[PDB]
Each structure stands twice: as structure tokens, then as C-alpha cells.
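**Q** To be precise about what I am sending: the file is called target_38.tsv and holds TSV, N, CA and C atoms.
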```tsv
chain	number	residue	atom	x	y	z
A	1	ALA	N	11.46	10.26	3.74
A	1	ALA	CA	10.91	8.87	3.86
A	1	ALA	C	11.10	8.00	2.62
A	2	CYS	N	11.44	8.62	1.49
A	2	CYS	CA	11.82	7.90	0.28
A	2	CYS	C	13.33	7.64	0.26
A	3	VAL	N	13.73	6.43	-0.11
A	3	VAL	CA	15.14	6.01	-0.03
A	3	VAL	C	15.99	6.60	-1.15
A	4	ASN	N	15.65	6.25	-2.38
A	4	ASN	CA	16.27	6.84	-3.56
A	4	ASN	C	15.35	7.96	-3.97
A	5	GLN	N	15.88	8.98	-4.64
A	5	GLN	CA	15.05	10.05	-5.19
A	5	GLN	C	15.57	10.53	-6.54
A	6	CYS	N	14.75	11.35	-7.20
A	6	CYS	CA	15.02	11.80	-8.55
A	6	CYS	C	15.93	13.03	-8.57
A	7	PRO	N	16.79	13.14	-9.59
A	7	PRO	CA	17.74	14.26	-9.67
A	7	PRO	C	17.08	15.64	-9.65
A	8	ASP	N	16.00	15.80	-10.40
A	8	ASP	CA	15.32	17.09	-10.53
A	8	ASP	C	13.83	17.01	-10.16
A	9	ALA	N	13.13	16.00	-10.68
A	9	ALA	CA	11.71	15.82	-10.37
A	9	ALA	C	11.23	14.40	-10.64
A	10	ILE	N	10.24	13.97	-9.87
A	10	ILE	CA	9.67	12.64	-10.04
A	10	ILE	C	8.54	12.72	-11.07
A	11	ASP	N	8.39	11.67	-11.86
A	11	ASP	CA	7.37	11.62	-12.89
A	11	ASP	C	6.10	11.01	-12.32
A	12	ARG	N	6.21	9.82	-11.75
A	12	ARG	CA	5.09	9.18	-11.05
A	12	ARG	C	5.58	8.17	-10.02
A	13	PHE	N	4.64	7.66	-9.24
A	13	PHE	CA	4.89	6.57	-8.31
A	13	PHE	C	4.27	5.29	-8.86
A	14	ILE	N	4.99	4.18	-8.74
A	14	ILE	CA	4.44	2.86	-9.06
A	14	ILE	C	4.32	1.99	-7.80
A	15	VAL	N	3.10	1.52	-7.56
A	15	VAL	CA	2.76	0.76	-6.36
A	15	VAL	C	2.59	-0.70	-6.71
A	16	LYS	N	3.40	-1.56	-6.08
A	16	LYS	CA	3.36	-3.00	-6.32
A	16	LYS	C	2.97	-3.71	-5.03
A	17	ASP	N	1.81	-4.35	-5.05
A	17	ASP	CA	1.29	-5.10	-3.92
A	17	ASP	C	1.92	-6.49	-3.88
A	18	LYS	N	2.39	-6.88	-2.70
A	18	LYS	CA	3.16	-8.11	-2.53
A	18	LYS	C	2.49	-9.16	-1.66
A	19	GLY	N	1.40	-8.80	-0.99
A	19	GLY	CA	0.73	-9.73	-0.11
A	19	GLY	C	1.41	-9.79	1.25
A	20	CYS	N	1.48	-10.99	1.82
A	20	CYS	CA	1.86	-11.15	3.22
A	20	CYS	C	3.36	-11.02	3.43
A	21	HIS	N	3.76	-10.11	4.30
A	21	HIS	CA	5.18	-9.98	4.63
A	21	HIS	C	5.59	-11.19	5.48
A	22	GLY	N	6.73	-11.78	5.15
A	22	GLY	CA	7.21	-12.97	5.85
A	22	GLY	C	7.70	-12.71	7.26
A	23	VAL	N	8.25	-11.51	7.48
A	23	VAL	CA	8.75	-11.07	8.79
A	23	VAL	C	7.68	-10.35	9.61
A	24	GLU	N	7.16	-9.25	9.07
A	24	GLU	CA	6.18	-8.41	9.76
A	24	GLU	C	4.76	-9.00	9.74
A	25	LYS	N	4.51	-9.97	8.87
A	25	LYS	CA	3.20	-10.66	8.82
A	25	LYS	C	2.04	-9.67	8.74
A	26	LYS	N	2.19	-8.72	7.82
A	26	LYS	CA	1.18	-7.74	7.47
A	26	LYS	C	1.20	-7.65	5.96
A	27	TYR	N	0.05	-7.34	5.38
A	27	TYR	CA	0.01	-7.03	3.96
A	27	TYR	C	0.92	-5.84	3.71
A	28	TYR	N	1.61	-5.84	2.57
A	28	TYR	CA	2.48	-4.72	2.23
A	28	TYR	C	2.55	-4.45	0.73
A	29	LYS	N	2.92	-3.21	0.40
A	29	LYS	CA	3.13	-2.78	-0.97
A	29	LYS	C	4.52	-2.18	-1.07
A	30	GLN	N	5.26	-2.57	-2.10
A	30	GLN	CA	6.53	-1.93	-2.40
A	30	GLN	C	6.25	-0.73	-3.29
A	31	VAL	N	6.76	0.43	-2.89
A	31	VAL	CA	6.54	1.68	-3.60
A	31	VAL	C	7.83	2.11	-4.29
A	32	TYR	N	7.71	2.39	-5.58
A	32	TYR	CA	8.82	2.88	-6.39
A	32	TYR	C	8.47	4.25	-6.94
A	33	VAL	N	9.51	5.03	-7.23
A	33	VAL	CA	9.36	6.30	-7.95
A	33	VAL	C	9.88	6.12	-9.36
A	34	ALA	N	9.11	6.57	-10.34
A	34	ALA	CA	9.59	6.68	-11.70
A	34	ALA	C	10.01	8.11	-11.89
A	35	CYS	N	11.29	8.31	-12.15
A	35	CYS	CA	11.85	9.65	-12.32
A	35	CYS	C	11.69	10.14	-13.76
A	36	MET	N	11.83	11.44	-13.93
A	36	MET	CA	11.88	12.02	-15.24
A	36	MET	C	13.23	11.59	-15.81
A	37	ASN	N	14.30	11.79	-15.08
A	37	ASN	CA	15.65	11.47	-15.51
A	37	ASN	C	15.90	10.01	-15.80
A	38	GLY	N	16.02	9.18	-14.78
A	38	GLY	CA	16.23	7.76	-15.01
A	38	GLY	C	14.90	7.03	-14.98
A	39	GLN	N	14.81	5.86	-14.38
A	39	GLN	CA	13.50	5.26	-14.29
A	39	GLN	C	13.22	4.84	-12.89
A	40	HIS	N	12.98	3.57	-12.67
A	40	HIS	CA	12.55	3.07	-11.39
A	40	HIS	C	13.46	2.86	-10.24
A	41	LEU	N	13.17	3.53	-9.15
A	41	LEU	CA	13.95	3.37	-7.92
A	41	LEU	C	13.00	3.06	-6.77
A	42	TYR	N	13.45	2.14	-5.92
A	42	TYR	CA	12.69	1.74	-4.73
A	42	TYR	C	12.56	2.93	-3.79
A	43	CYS	N	11.33	3.20	-3.37
A	43	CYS	CA	11.06	4.33	-2.48
A	43	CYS	C	10.87	3.84	-1.05
A	44	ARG	N	9.84	3.04	-0.82
A	44	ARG	CA	9.47	2.65	0.53
A	44	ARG	C	8.44	1.52	0.54
A	45	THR	N	8.21	0.96	1.72
A	45	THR	CA	7.21	-0.08	1.93
A	45	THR	C	6.01	0.55	2.62
A	46	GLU	N	4.81	0.21	2.14
A	46	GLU	CA	3.55	0.68	2.71
A	46	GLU	C	2.85	-0.49	3.39
A	47	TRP	N	2.49	-0.34	4.67
A	47	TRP	CA	1.94	-1.45	5.44
A	47	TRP	C	0.42	-1.50	5.38
A	48	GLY	N	-0.11	-2.72	5.32
A	48	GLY	CA	-1.55	-2.96	5.33
A	48	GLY	C	-1.98	-3.64	6.62
A	49	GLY	N	-3.06	-4.40	6.53
A	49	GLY	CA	-3.64	-5.04	7.71
A	49	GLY	C	-2.83	-6.21	8.22
A	50	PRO	N	-3.29	-6.83	9.32
A	50	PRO	CA	-2.63	-8.03	9.79
A	50	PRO	C	-2.87	-9.19	8.83
A	51	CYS	N	-2.06	-10.22	8.98
A	51	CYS	CA	-1.86	-11.16	7.91
A	51	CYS	C	-1.78	-12.61	8.34
A	52	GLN	N	-2.23	-13.47	7.43
A	52	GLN	CA	-2.35	-14.89	7.68
A	52	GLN	C	-1.03	-15.58	7.37
A	53	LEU	N	-0.63	-15.55	6.10
A	53	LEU	CA	0.56	-16.28	5.64
A	53	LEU	C	0.26	-17.78	5.65
```
Go through the file and emit its structure as C-alpha cells.

**A**
Amino acid sequence: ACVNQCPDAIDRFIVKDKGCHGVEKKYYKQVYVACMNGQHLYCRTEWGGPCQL
């Protein structure tokens, strides 16, 4: 379910909240993985409640 991944092991996840999705019209968070090897790679989108916009 993660798009990019770490060569050997992941260090942590960084969660960035973006508010209202323009297409899906739901709250969403962009999820990244911080690797031990390199740094930040986009992992996935996490969906929240329905949305106003």
C-alpha cells in the first residue's frame, strides 16, 4: 500500500494534513516515509471525513 519504500528499513512516517481534497471532497493527509537510507518519499493518502470546500 506504500508507493515508494526504503532500501533496507524505514526510520519514521511523516503525516501532513492537507484539508479538503478538491476531487474526492474529503479531508485527507499525505503520508511520507522517512528512510534510514535516503529521506522523504511519498507513501500514500489517508482519507478523513466528508468535506465542505

**Q** Might you pull out every residue within 7 Å of segment 15-29 of chain A, with all atoms listed in the file counted and same-chain residues fewer than 6 positions away left off, and present them as a PyMOL selection string?

**A** chain A and resi 44-53

**Q** Quick one: residues within 10 Å of residue 41 of chain A, only C-alpha atoms counted, chain neighbours fewer than 6 positions away excluded, as a PDB file with N, CA and C atoms, keeping the file's coordinate frame?

**A**
```pdb
ATOM      1  N   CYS A   2      11.440   8.620   1.490  1.00  0.00           N
ATOM      2  CA  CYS A   2      11.820   7.900   0.280  1.00  0.00           C
ATOM      3  C   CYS A   2      13.330   7.640   0.260  1.00  0.00           C
ATOM      4  N   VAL A   3      13.730   6.430  -0.110  1.00  0.00           N
ATOM      5  CA  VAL A   3      15.140   6.010  -0.030  1.00  0.00           C
ATOM      6  C   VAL A   3      15.990   6.600  -1.150  1.00  0.00           C
ATOM      7  N   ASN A   4      15.650   6.250  -2.380  1.00  0.00           N
ATOM      8  CA  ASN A   4      16.270   6.840  -3.560  1.00  0.00           C
ATOM      9  C   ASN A   4      15.350   7.960  -3.970  1.00  0.00           C
ATOM     10  N   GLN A   5      15.880   8.980  -4.640  1.00  0.00           N
ATOM     11  CA  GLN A   5      15.050  10.050  -5.190  1.00  0.00           C
ATOM     12  C   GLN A   5      15.570  10.530  -6.540  1.00  0.00           C
ATOM     13  N   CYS A   6      14.750  11.350  -7.200  1.00  0.00           N
ATOM     14  CA  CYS A   6      15.020  11.800  -8.550  1.00  0.00           C
ATOM     15  C   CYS A   6      15.930  13.030  -8.570  1.00  0.00           C
ATOM     16  N   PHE A  13       4.640   7.660  -9.240  1.00  0.00           N
ATOM     17  CA  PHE A  13       4.890   6.570  -8.310  1.00  0.00           C
ATOM     18  C   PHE A  13       4.270   5.290  -8.860  1.00  0.00           C
ATOM     19  N   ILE A  14       4.990   4.180  -8.740  1.00  0.00           N
ATOM     20  CA  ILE A  14       4.440   2.860  -9.060  1.00  0.00           C
ATOM     21  C   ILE A  14       4.320   1.990  -7.800  1.00  0.00           C
ATOM     22  N   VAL A  31       6.760   0.430  -2.890  1.00  0.00           N
ATOM     23  CA  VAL A  31       6.540   1.680  -3.600  1.00  0.00           C
ATOM     24  C   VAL A  31       7.830   2.110  -4.290  1.00  0.00           C
ATOM     25  N   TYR A  32       7.710   2.390  -5.580  1.00  0.00           N
ATOM     26  CA  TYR A  32       8.820   2.880  -6.390  1.00  0.00           C
ATOM     27  C   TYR A  32       8.470   4.250  -6.940  1.00  0.00           C
ATOM     28  N   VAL A  33       9.510   5.030  -7.230  1.00  0.00           N
ATOM     29  CA  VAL A  33       9.360   6.300  -7.950  1.00  0.00           C
ATOM     30  C   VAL A  33       9.880   6.120  -9.360  1.00  0.00           C
ATOM     31  N   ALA A  34       9.110   6.570 -10.340  1.00  0.00           N
ATOM     32  CA  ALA A  34       9.590   6.680 -11.700  1.00  0.00           C
ATOM     33  C   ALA A  34      10.010   8.110 -11.890  1.00  0.00           C
ATOM     34  N   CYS A  35      11.290   8.310 -12.150  1.00  0.00           N
ATOM     35  CA  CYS A  35      11.850   9.650 -12.320  1.00  0.00           C
ATOM     36  C   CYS A  35      11.690  10.140 -13.760  1.00  0.00           C
TER      37      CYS A  35
END
```

**Q** Could you write out, as a PyMOL selection string, all the residues of chain A that DSSP marks as strand (DSSP E or B)?

**A** chain A and resi 10-20+26-35+40-50

**Q** Would you write out those residues with N, CA and C atoms, as a compact mmCIF listing (two decimals), in the coordinates of the input?

**A**
```txt
# COMPACT_ATOMS: atom_id res chain seq x y z
N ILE A 10 10.24 13.97 -9.87
CA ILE A 10 9.67 12.64 -10.04
C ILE A 10 8.54 12.72 -11.07
N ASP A 11 8.39 11.67 -11.86
CA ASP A 11 7.37 11.62 -12.89
C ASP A 11 6.10 11.01 -12.32
N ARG A 12 6.21 9.82 -11.75
CA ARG A 12 5.09 9.18 -11.05
C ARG A 12 5.58 8.17 -10.02
N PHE A 13 4.64 7.66 -9.24
CA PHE A 13 4.89 6.57 -8.31
C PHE A 13 4.27 5.29 -8.86
N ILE A 14 4.99 4.18 -8.74
CA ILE A 14 4.44 2.86 -9.06
C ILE A 14 4.32 1.99 -7.80
N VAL A 15 3.10 1.52 -7.56
CA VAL A 15 2.76 0.76 -6.36
C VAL A 15 2.59 -0.70 -6.71
N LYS A 16 3.40 -1.56 -6.08
CA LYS A 16 3.36 -3.00 -6.32
C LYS A 16 2.97 -3.71 -5.03
N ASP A 17 1.81 -4.35 -5.05
CA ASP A 17 1.29 -5.10 -3.92
C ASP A 17 1.92 -6.49 -3.88
N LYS A 18 2.39 -6.88 -2.70
CA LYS A 18 3.16 -8.11 -2.53
C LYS A 18 2.49 -9.16 -1.66
N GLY A 19 1.40 -8.80 -0.99
CA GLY A 19 0.73 -9.73 -0.11
C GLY A 19 1.41 -9.79 1.25
N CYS A 20 1.48 -10.99 1.82
CA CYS A 20 1.86 -11.15 3.22
C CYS A 20 3.36 -11.02 3.43
N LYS A 26 2.19 -8.72 7.82
CA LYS A 26 1.18 -7.74 7.47
C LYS A 26 1.20 -7.65 5.96
N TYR A 27 0.05 -7.34 5.38
CA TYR A 27 0.01 -7.03 3.96
C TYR A 27 0.92 -5.84 3.71
N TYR A 28 1.61 -5.84 2.57
CA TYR A 28 2.48 -4.72 2.23
C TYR A 28 2.55 -4.45 0.73
N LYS A 29 2.92 -3.21 0.40
CA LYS A 29 3.13 -2.78 -0.97
C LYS A 29 4.52 -2.18 -1.07
N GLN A 30 5.26 -2.57 -2.10
CA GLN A 30 6.53 -1.93 -2.40
C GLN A 30 6.25 -0.73 -3.29
N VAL A 31 6.76 0.43 -2.89
CA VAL A 31 6.54 1.68 -3.60
C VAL A 31 7.83 2.11 -4.29
N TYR A 32 7.71 2.39 -5.58
CA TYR A 32 8.82 2.88 -6.39
C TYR A 32 8.47 4.25 -6.94
N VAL A 33 9.51 5.03 -7.23
CA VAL A 33 9.36 6.30 -7.95
C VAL A 33 9.88 6.12 -9.36
N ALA A 34 9.11 6.57 -10.34
CA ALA A 34 9.59 6.68 -11.70
C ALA A 34 10.01 8.11 -11.89
N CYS A 35 11.29 8.31 -12.15
CA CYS A 35 11.85 9.65 -12.32
C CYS A 35 11.69 10.14 -13.76
N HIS A 40 12.98 3.57 -12.67
CA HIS A 40 12.55 3.07 -11.39
C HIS A 40 13.46 2.86 -10.24
N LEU A 41 13.17 3.53 -9.15
CA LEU A 41 13.95 3.37 -7.92
C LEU A 41 13.00 3.06 -6.77
N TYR A 42 13.45 2.14 -5.92
CA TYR A 42 12.69 1.74 -4.73
C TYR A 42 12.56 2.93 -3.79
N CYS A 43 11.33 3.20 -3.37
CA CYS A 43 11.06 4.33 -2.48
C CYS A 43 10.87 3.84 -1.05
N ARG A 44 9.84 3.04 -0.82
CA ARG A 44 9.47 2.65 0.53
C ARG A 44 8.44 1.52 0.54
N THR A 45 8.21 0.96 1.72
CA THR A 45 7.21 -0.08 1.93
C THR A 45 6.01 0.55 2.62
N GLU A 46 4.81 0.21 2.14
CA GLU A 46 3.55 0.68 2.71
C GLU A 46 2.85 -0.49 3.39
N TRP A 47 2.49 -0.34 4.67
CA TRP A 47 1.94 -1.45 5.44
C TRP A 47 0.42 -1.50 5.38
N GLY A 48 -0.11 -2.72 5.32
CA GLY A 48 -1.55 -2.96 5.33
C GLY A 48 -1.98 -3.64 6.62
N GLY A 49 -3.06 -4.40 6.53
CA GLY A 49 -3.64 -5.04 7.71
C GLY A 49 -2.83 -6.21 8.22
N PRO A 50 -3.29 -6.83 9.32
CA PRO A 50 -2.63 -8.03 9.79
C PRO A 50 -2.87 -9.19 8.83
```

**Q** Take atom C of residue 8 of chain A and atom N of residue 30 of chain A and report the distance between them in Å, one decimal.

**A**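 Interatomic distance here is 22.8 Å.
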
**Q** When you draw a straight line from atom C of residue 12 of chain A to atom N of residue 43 of chain A, how long is it in Å?

**A**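 These two atoms are separated by 10.1 Å.
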
**Q** Output: segment 16-49 of chain A of the preceding structure, restricted to C-alpha atoms, written as a CSV table (one decimal), in the first residue's frame.

**A**
```csv
chain,number,residue,atom,x,y,z
A,16,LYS,CA,1.0,16.1,6.5
A,17,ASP,CA,-2.6,17.2,6.8
A,18,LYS,CA,-3.9,19.0,3.7
A,19,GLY,CA,-7.6,19.7,4.4
A,20,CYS,CA,-10.2,19.4,1.7
A,21,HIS,CA,-9.5,17.2,-1.3
A,22,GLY,CA,-10.5,19.1,-4.5
A,23,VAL,CA,-11.6,15.9,-6.3
A,24,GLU,CA,-12.7,13.5,-3.5
A,25,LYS,CA,-14.1,16.3,-1.3
A,26,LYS,CA,-12.9,14.6,1.9
A,27,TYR,CA,-10.4,15.7,4.4
A,28,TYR,CA,-7.0,14.0,3.6
A,29,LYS,CA,-3.4,13.6,4.8
A,30,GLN,CA,-0.4,13.0,2.7
A,31,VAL,CA,1.8,10.3,4.2
A,32,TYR,CA,5.5,10.1,3.6
A,33,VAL,CA,8.2,7.7,4.8
A,34,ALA,CA,11.5,8.9,6.1
A,35,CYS,CA,14.0,6.2,5.3
A,36,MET,CA,17.2,5.4,7.1
A,37,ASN,CA,19.0,5.5,3.7
A,38,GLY,CA,17.6,8.4,1.8
A,39,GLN,CA,15.0,10.7,3.2
A,40,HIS,CA,11.4,11.6,2.3
A,41,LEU,CA,9.3,9.6,-0.1
A,42,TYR,CA,5.5,9.8,-0.7
A,43,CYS,CA,3.8,6.8,0.7
A,44,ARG,CA,0.0,7.2,0.5
A,45,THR,CA,-3.1,9.3,1.1
A,46,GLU,CA,-5.1,8.8,4.2
A,47,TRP,CA,-8.8,9.8,4.0
A,48,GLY,CA,-10.9,11.7,6.6
A,49,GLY,CA,-14.5,12.8,6.9
```
